[PDB]
Each structure stands twice: as C-alpha cells, then as structure tokens.
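Report on the following structure.
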Amino acid sequence: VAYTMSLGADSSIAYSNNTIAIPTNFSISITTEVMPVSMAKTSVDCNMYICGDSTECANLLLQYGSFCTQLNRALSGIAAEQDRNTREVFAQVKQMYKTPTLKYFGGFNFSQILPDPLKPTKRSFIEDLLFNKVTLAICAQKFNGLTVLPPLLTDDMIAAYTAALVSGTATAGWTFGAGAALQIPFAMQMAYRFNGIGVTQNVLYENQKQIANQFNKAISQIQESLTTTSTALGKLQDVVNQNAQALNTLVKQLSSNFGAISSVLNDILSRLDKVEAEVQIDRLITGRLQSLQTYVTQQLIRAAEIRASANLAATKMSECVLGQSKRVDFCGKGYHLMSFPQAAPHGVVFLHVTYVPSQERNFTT
Amino acid sequence: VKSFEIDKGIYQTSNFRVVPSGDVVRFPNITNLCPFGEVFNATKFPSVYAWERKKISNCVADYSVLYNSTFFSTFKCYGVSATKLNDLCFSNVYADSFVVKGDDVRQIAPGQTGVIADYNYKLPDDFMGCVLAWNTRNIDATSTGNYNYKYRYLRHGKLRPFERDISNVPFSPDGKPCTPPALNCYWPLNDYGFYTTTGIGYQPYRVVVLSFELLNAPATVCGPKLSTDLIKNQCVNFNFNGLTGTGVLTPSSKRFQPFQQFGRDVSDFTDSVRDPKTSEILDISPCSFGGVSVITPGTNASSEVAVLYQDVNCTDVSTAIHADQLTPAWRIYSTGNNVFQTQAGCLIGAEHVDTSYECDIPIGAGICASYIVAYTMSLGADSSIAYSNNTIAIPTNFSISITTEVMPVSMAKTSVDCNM
Amino acid sequence: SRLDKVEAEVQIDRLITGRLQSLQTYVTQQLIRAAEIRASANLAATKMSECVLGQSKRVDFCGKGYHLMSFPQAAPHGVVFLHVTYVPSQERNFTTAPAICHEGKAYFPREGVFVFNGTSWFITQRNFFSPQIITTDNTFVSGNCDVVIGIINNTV
Amino acid sequence: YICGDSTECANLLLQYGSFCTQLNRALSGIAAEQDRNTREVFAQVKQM
C-alpha cells in the first residue's frame, strides 16, 4: 500500500499554569545497540594476486613500480588500525577479576549474561545467540592470495574481557576503571546511581523486587526480542556483506577479460609469443591494479567510517559503562542508569539500563 | 626499512612460496599421422562457393612442416602465436581449402568480407585459428583459362559464419525464378579467368582456413610431447592437454560427469582434472606461500631474529626448509624450533612457553612473545574479589598522576606543481 | 633523444598516465589522512575546550584518573596534554548501615551512600574517610520504620 | 556517462567488466546514508 506517511505521533497540548504531569511510578527499558568494532582483517598477496606467475608477468610487475609494496603497507595499516581499535576499546581493564558465579543478587538471575562454569563454553549464551544471529554466504588457502588473517584477540578472551567488565561493573563500586574496586553491596551501588540521577533512595527499597522484576523480565524480553526476531541487529552484518561484496567483486573482475583474448594465466601463455602479448598482459595488470587500488581505497574508507564507530564504541565503554553518563540519551533513550556490555563478531552490544518515571498526572503548584 | 639501527616489532616484508619441484604431465596414448601432407599436398580441393571442409581427430600434429617451410606465400596465425603451438593438444579441428586470386587474401580476414567472402564464406572476428596461403600458378594456372572453377557474387543480404549454399538461383532482386539472362535475372556464379601469365593479385593461390576446435572435446590430437608419472601431495607443476600450472594434486571427493573435465571453483580455475588416462582428482594450485614477517628485539638487546610464516600448518615448512624451495633462501640458516598455532602458521625461533607475560609481540591470534620467548597471553592483571556485605574500600591518602596525551594538530601543508 | 613523432607521444602519454594515476593516488590518500586528522583535530579542540578550559565533569575522557586540571602544550604538527588527574590510594575496609531507624523511621543522609558504621561514627564521601557530625540535614524524613536496614540511635 | 546510448561501446563496457554497477552501489550507499542521517538527526521526538 502506498501513502505519504503518518508523520510521527500526533498529539496536541498547550501549557497549564500550575497543574502539572508528575510521575508517581516509573519504568526501565533496556535497549539493543549494535556497534561494529572491527571489520574483517584481510590481506592480499598482491604479488600472487596479480601474477600467479608467468615470469614475464613478474617483469612487468617490476615495470610498474612498487604498487604491490605500497598496498602492502596500506593493508598493514588497515589491519593494525583494526587492532588499535580493538585494543583501545577492549583492554581498558587495570585489574582483571574473577566471575563469582553465585548468580542471584539484588534479585537477579544473571543467566546467559555472564557465562557459566557448568557449560563448556566460556561464552555467554546471549552473545552465543548473537553468534547464531550471524549469517554469511586446518587452514584456509585459496588460489586467490586473499586472506582473512585471524584477529589478534581470542574471541573467548574477548568474551572473558566482557564478562570481566560485567563483573567489575556489577561489583567494585563506582570507582571501577581509574582504581581497583570498592566492595559496595550493589543495592548500595545502584542506590548510589539514584544520586547521579539525583533522586531519593527510598523508592529502591519501596520497589526492591519490583525494579528487580522489571529488570529480569526486561532481560527475558530482550531474549524474546532477539531470538527469532527481526533484522534490528545486523549493522555488523551489513559491513560483513559489504566485505563480501567487495571481495566477490574483486574475484569477478579477476574473471574479466579486457579486450584481450583470454582472462587468466597460462591460457594467455598458450597463444602468446611476443610483447604484444605482454602488452595485453599489461592491460590485465592495469585493470587489476585499478580495481585493487579502488578496493583498498574503499577498504580504508570503510576503515575511517569504522574508526569513527570505534571511537564511539570506546566512548560508550567509557562514559556509559563505567560511569553514569549524564549526557542524556547519548547512551540509550531513557535516563541511562547503567548499561552493561556484550560482544559480537566484529562488534559490541550494550544493555542500556535506562530510567523512566511514569505515571502521568495533573497537579498544581 | 632502509636502516642499520632498527627498533622492535613484527615487521612485514616480501613474499614466499614453494618453488615447484617436479611435474605431472598427462596425455592419452593417442597417435596417428595427420593428412597435413594430404590437406596441404593434393590438388582436389574445390572452389570457394563449394568451400571444402575436412575433419581432424585422434592424430598427432607436428607443427614443424609449418614453420620450417618456404612453400607458403602468406601465413599468419590469428587466434594464436605459432611459437607455442607445439605445446597444444586439440580435438577435432577443421580446415577449409580453396583456390583464389591473389587479392581476396587480404579480404580473407576476420571481418573484412568484401565481395566473395561476403557472398561465399564467412567468419566471426572470434573463433580463429591460423590462415595459410600459397601460390599454385604451377598446378592451377592455365593461361588458356581456368574456366573450370567459380565463385558466387549475388545474394539477398549478407552472410552468416560457416555456411555453404550451392544453389545457383536465377537471381533477381525480389524473387523472380527466371530463365536467365531474361532481364533482371542472372546467376550468382562466375569463373576465375586464372592465367599462367598474370601477376601477384590474379594468379591462382591455394588458401586454407585453419579453424581450431580448442578445449571442446577431450583432446584427440596431441603435439609431440611425453607424459609423466603422478606426484601426490607435493608442490609441483602441471601440464595437461592444454593445462599446465603450478600446485598440488590429490584425488577428488565428488560426483563427476562423463563428458566433463573442469571445475572452475569461483571462476576460471578448472579445480580438478579428470586425468587423460582415467583418474579424477582435485586441484589445489596454492601449494603454500604468502607473507612473512620477522620478529627482532631491536638492536639494543641482541640481533637474533625469528621468522613468521603466515600461510602454513607447519606441514611443508621444515620440508621446504630442507627441500630448499623457499624464495627468501638463507645462508644464515638453521632448523631449531617451531610454534605451530595461529593458523597463519609456523613461527621459527620459538618455544611454547607456558607462563605468559604482558604481550609485547602480538602473534596472530592470542599468541604473544617476549625476551626471545613466546607464550599465548597473560590476559591482564587477574585478581579475584567479589561483593561484600559491608566492608568496603575507602581512601585516606592518595596520588595525582599527570600523564601525557599525544595528539596531532595538522599534517603538512604541501602542494604539487603537476605541470612540473 | 631518439624520438620525434606520435609513438613518442604514445610513450609520453603512458608517462602522463602513470604519473597522473600515481599522482592522484598520492592526493587521494592525502585527503584520507586529512579526514582522519581533521576529525581527530575536532576531538582535539573539543578537549581543549573541555579539558583545558574547564573542569570536564565527564570522567576519563581527558585523562585516565579523575581530571583535576589539564595543561596543554604545542608541538610540531601536534599537541600534548598534561592530565592532572586524581587516583585514590589508601584502601580501607569499613562497614555501614544504609537506612537508619533512629526514632522509628527510615533515614538516608545525602544521596551520597555509605553511612559509616565503623561503630556508627559518621557519614562520609563517595571517595574518602571523612568525619561528619551527623544531622537531620544529613538525612530526610522517610516515612516510618518498615524497610530499614540499620537500627542506629543517638542521632545528633 | 560513457557512451550515452551505444552499440559497440556497451560491449566494450562489458569488456571493462561490471564497473558501472559497482559505482552505482556506491551511489546507492551515498543516498542511503544521506537520508539515513536525515532521519537520524531530525526524527528524534517521534511524538509530534
């Protein structure tokens, strides 16, 4: 069906002089957030990308300078900058801790948030559902010279870092980060977080299990809203798809003839004798170089966009996770009481513990 | 890096592979002797409007009567270079012989049809072998007259490639099946008038079109070569029916078909060979290769180096270390130790040290190095504390840590006279 | 030397070609680095406004302690940041009682946790051991004694 | 852009592979992100 748009949410109020909407109860909404931390660490043996070999091919490779060399520098920067982003986000931990795994405090079955000793995976099953939410299309060894080199950091130790953060967040008091820990008893912690939101702490005691049930039901609903559900998770996957697009594009242009007789090594070497041959080879060299240059260029372009994202990623690890970030709904879309980390292939997720007061009234002043 | 004092780090450099050791050359056992000395030695080769067609299969081609030759007036290979024709096994190829002047030979070309090649016989610009031509004014020129042989020069429309029609239509622009020469009713045929006396463009030349059915049946004719053994699981060379190459071979796991030969995995690769004497194996042309980066601590502790191979599983590492096919070959060269993990692969100069430190050198995936030595990784300052009832960390003295932070303001204001 | 004519110029245009393309390549990466560095420079001035020109209330963005002061220093193409932080160091082990039923009703001091029950002496900071003569101004009326934790008395 | 409506030059364009398409992918990603960010900066209070 085709329409313009229901442009938003239509209401209409004016002011009231003294009678005023004042919330007499409240709510908490934990939100998704998808931050792609590091795209695919890939490199090229350009020396075999172009020019598996004839040998004459390698002579002409020498005859077009150090393009392969400069792009190898480029790729090295690409990878290393992914790693820089990975680090600069990740091990912001002074003191690593140990997961207490006693796993019911305040009111909270924290199941699948931290991982388990009881399970053979040291990965938390929420994130493992995210792993299940990954789509795609010994050693890997193509004839293409194109590698996905492994990330430096172990994905399990990624997970260990995240769970450590979860622990030291849920423990260690407010000073968690620039220091070690504080041993604050976590009703007193989240009581103290009512003071950076600036309100009394009575209502915490008035709603001990209530806020708890809000919370654990909310986590449950997050599991609900993420298990079989819609595409609101895969910005990561968009980037992944783009990597696949570019790589597939690279190969399918490797298929391309460019006005020569063939489009692949030794096939040319059949019907060829002399430099006219190698002139056609130079055409191949030219276009492959171009596409390659374009490729790596846009890889760097993606890399800049992703480094911006990475800056955001470390930023929301900083202000939003470790403290209560007073910039309002930078982190989430409520008041951001807490937010807790989660990981992802190429990415990071967060659990934005907001705060919303909610019971609308009309009372004078 | 162009230096003599160098500091520490995983420093990437140029590439390696395994130089291929042997070769596997695969033919069928076919032999016959071609009628080259019949198709290029007879006289019964019909005219152009009856352009001849001979079939070639299951033979052996010499490619030697062609180059070591002075018989030929006008030779050029069109789709190919003549030089590496000897290294080509084909199947079922074709030739067309006819007797002409010395002027259609220019219009004998891909495209370029003109009159007679626009009315009698036709090519694409594509499916090209070679073209051979010579004079036979000494068999085919009676200055009394070659009134015997003809061509056609009348048609409705243009030709299509590789087509023959003999029909001497009582030709007319809009039909009219006539009794020529009733007016506007002729015939397409026309004689030759080939004389013994005449010059270059007009003496009868025997011309042969050499269309090369290539790689479209399992190769029946071969060039004068010799087949070899097989070499499983070793970086070697390939030379098939027309497929040379470089890599490793190993048998299939697949569901192959009777006509079939090639697999071309993502693109144009053939992936596999049904061997020309009944085997059906894979292909892995990537032997093992790739990049390397060296680790050195940086000229202020030592000068002892350690080598990172980046596409291996430690299989062929010590092999080509001793099989001596490593393109950064070394005279400063040992065989000491290898750590096996980070599936990029094998790292020489190294021991799996079980105790782990602060990860100087970021080896691949989780693994890291020190001194040299290498571990996986100490993940960070592991403590083990948890929640408390009431007892709680409070400060009474303190510290102030002024630290750096290091940021640019702007790179260099440069420019370029592009015109110099 | 050995040229005059358009074959000459064919080679020339090949030079033009390669030098043009590599030239553009230079320029393109230049603009890339320009973009990287300009965004970082935006962050730099952002901190210079933030860390230097005020006490940045957001935490651990300027420095990695607590940002007492921030002192800027120029450099060739760069700039240096003396982050006068604060990191606390002398760890204690002391106990508390959060809600106080003093006269039969609950008490929370100042939004600003840990009523110091090191024998119920004072009520302290977020980040220090500090002696405070406790007042009603250092609590509030919170209903009655129903979900209280500590039973502390003699509340001056 | 390259030959506006062509006969031969389209076949030549195919002989330059599929480049036009890839550049269009770039174009699409541009326009996509443009109005993405339009939504992002402005569609903030959905309550009108």
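Residues displayed in chain C correspond, in order, to Swiss-Prot positions 964-1119.
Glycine too: its Cβ is placed from the backbone N, Cα and C atoms.
Noted in Swiss-Prot for the protein shown:
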CARBOHYD  C:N1056  N-linked glycosylation site
CARBOHYD  C:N1080  N-linked glycosylation site
CARBOHYD  C:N1116  N-linked glycosylation site
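Where Swiss-Prot records a feature, it is marked here on the structure.
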residue: C:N1056; record: N-linked glycosylation site; Cβ neighbours (10 Å): 12
residue: C:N1080; record: N-linked glycosylation site; Cβ neighbours (10 Å): 19
residue: C:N1116; record: N-linked glycosylation site; Cβ neighbours (10 Å): 10
Inter-residue Cα distance where the pair is C:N1080 (N-linked glycosylation site) and C:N1116 (N-linked glycosylation site), in Å: 12
C-alpha spacing of C:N1080 (N-linked glycosylation site) relative to C:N1056 (N-linked glycosylation site), in angstrom: 11
Near-B candidates in C:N1056, C:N1080, C:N1116, the glycosylation sites, by Cβ under 8 Å: C:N1056, C:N1080
